[PDB]
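Asks: Attaching a single structure in structure tokens format; questions to follow.
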Amino acid sequence: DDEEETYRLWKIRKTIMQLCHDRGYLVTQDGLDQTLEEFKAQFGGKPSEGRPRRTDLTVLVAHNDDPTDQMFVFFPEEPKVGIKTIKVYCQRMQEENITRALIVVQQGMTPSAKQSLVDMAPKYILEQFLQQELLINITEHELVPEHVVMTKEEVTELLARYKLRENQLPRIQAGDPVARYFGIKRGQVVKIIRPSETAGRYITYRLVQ
DNA sequence: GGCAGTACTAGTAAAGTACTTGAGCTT
């Protein structure tokens, strides 16, 4: 029902605000924590023939270092999406000059649309998110340790300390849901901090390939 | 004384996985 659908959209928006917060983009403390009834009073209850149409849930956010980069979050209204639709989205992207955006897909993507997401690396990068993947925050699960995406200088000092080539580190594939969660690209290194029952804390470094 | 036939001696035929493949559905 519209109560269930609205509750889903609340989960999704909140989880995407946690996404946006973990990537270092400016988020007010209210944007992270919205009680369901405050969200409903804002966006008006029922989606079906209702106030939220899945449009105006779109999100624009700015980076802490520079305001220019920003970001974007689309919510498509179609069950499945295609090259023409994404092409409209990238038209809005080039209209606003914002480089980075997301897409929350209700069901699936035609493979030509995925390939069309991989087509253009430099101009605009788009990341497919399924609707369910944002219905839960996996970083807050007990098994998933704290991840910290390392800057290039910290990576250089790291490889200087242990005298390591980049190939000799353990790896984490770019299709890993956590790597998606932080929006990580090939060649970056992630710093996992996990508690151990021998030392009490242990640091892993996973190269992204 | 010669020819034919027979015999003997010397070559000679549970489950579980990955992988692939065919079909079925879409730009």
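Basis: the model, the stated rules and, where named, an outside source; these are not laboratory values. Counting neighbours? That spans all protein chains shown, and the Cβs are built from the backbone with ideal geometry, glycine included.
Asks: Which one is farthest from DNA strand B (Cβ to nearest atom) among residues in segment A:66-77 that are under 14 Å from A:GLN128 (Cβ atoms) and in a loop (DSSP other than H, G, I, E, B)?
Replies: Step by step, filter segment A:66-77, then rank; the result is A:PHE75.
Asks: Would a scan of segment A:109-121 turn up a residue that is away from DNA strand B (no atom under 16 Å from the Cβ) and part of a loop (DSSP other than H, G, I, E, B)?
Replies: Just the residues of segment A:109-121 that are away from DNA strand B (no atom under 16 Å from the Cβ), to begin with: A:120-121.
Now drop any that are not part of a loop (DSSP other than H, G, I, E, B), which leaves A:120-121.
Scanning segment A:109-121, I find at least one residue that is away from DNA strand B (no atom under 16 Å from the Cβ) and part of a loop (DSSP other than H, G, I, E, B), so the answer is yes.
Asks: Can you pull out the residues in segment A:36-50 that are more than 14 Å from A:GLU3 (Cβ to Cβ) and not hydrophobic (A, V, I, L, M, F, W, C)?
Replies: A:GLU38, A:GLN42, A:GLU49
Asks: Within segment A:82-103, can one find any residue that is assigned by CATH to the domain that holds A:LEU126, without any contact (Cβ under 8 Å) to a residue 60 or more places away in the chain, over 15 Å from A:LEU126 (Cα atoms) and within 16 Å of DNA strand B (Cβ to nearest atom)?
Replies: No: zero hits.
Asks: Quick check on this structure: which one of A:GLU146, A:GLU49, A:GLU78 is more than 26 Å from A:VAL208 (Cα to Cα) and loosely packed, with under 11 Cβ neighbours inside 10 Å?
Replies: Matching residue, one of A:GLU146, A:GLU49, A:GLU78: A:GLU49.
Asks: Another one. Counting just the residues of segment A:14-47 that are over 21 Å from A:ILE184 (Cα atoms) and in contact (Cβ under 8 Å) with a residue 40 or more places away in the chain, which one comes out nearest to the chain's Cα centre (by Cα)?
Replies: A:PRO47
Asks: Follow-up. Here is a list of conditions, (1) among the hydrophobic types (A, V, I, L, M, F, W, C); (2) more than 16 Å from DNA strand B (Cβ to nearest atom); (3) within 23 Å of A:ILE16 (Cβ to Cβ), and A:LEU159 meets all of them except one; can you say which number that is?
Replies: (3)
Asks: Would you tally the residues in segment A:107-149 being among the charged types (D, E, K, R), over 12 Å from the mean Cα position of the chain (by Cα) and under 25 Å from A:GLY187 (Cβ atoms)?
Replies: Looking only at that region, the number is 4.
Asks: When A:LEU158 is evaluated against the numbered criteria (1) farther than 21 Å from A:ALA121 by Cβ; (2) touching a helix residue (DSSP H, G or I) at 6+ places or on another chain (Cβ under 7 Å); (3) in contact (Cβ under 8 Å) with a residue 40 or more places away in the chain, which criterion, by number, is the only one it fails?
Replies: For A:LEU158, the exception is condition (2).
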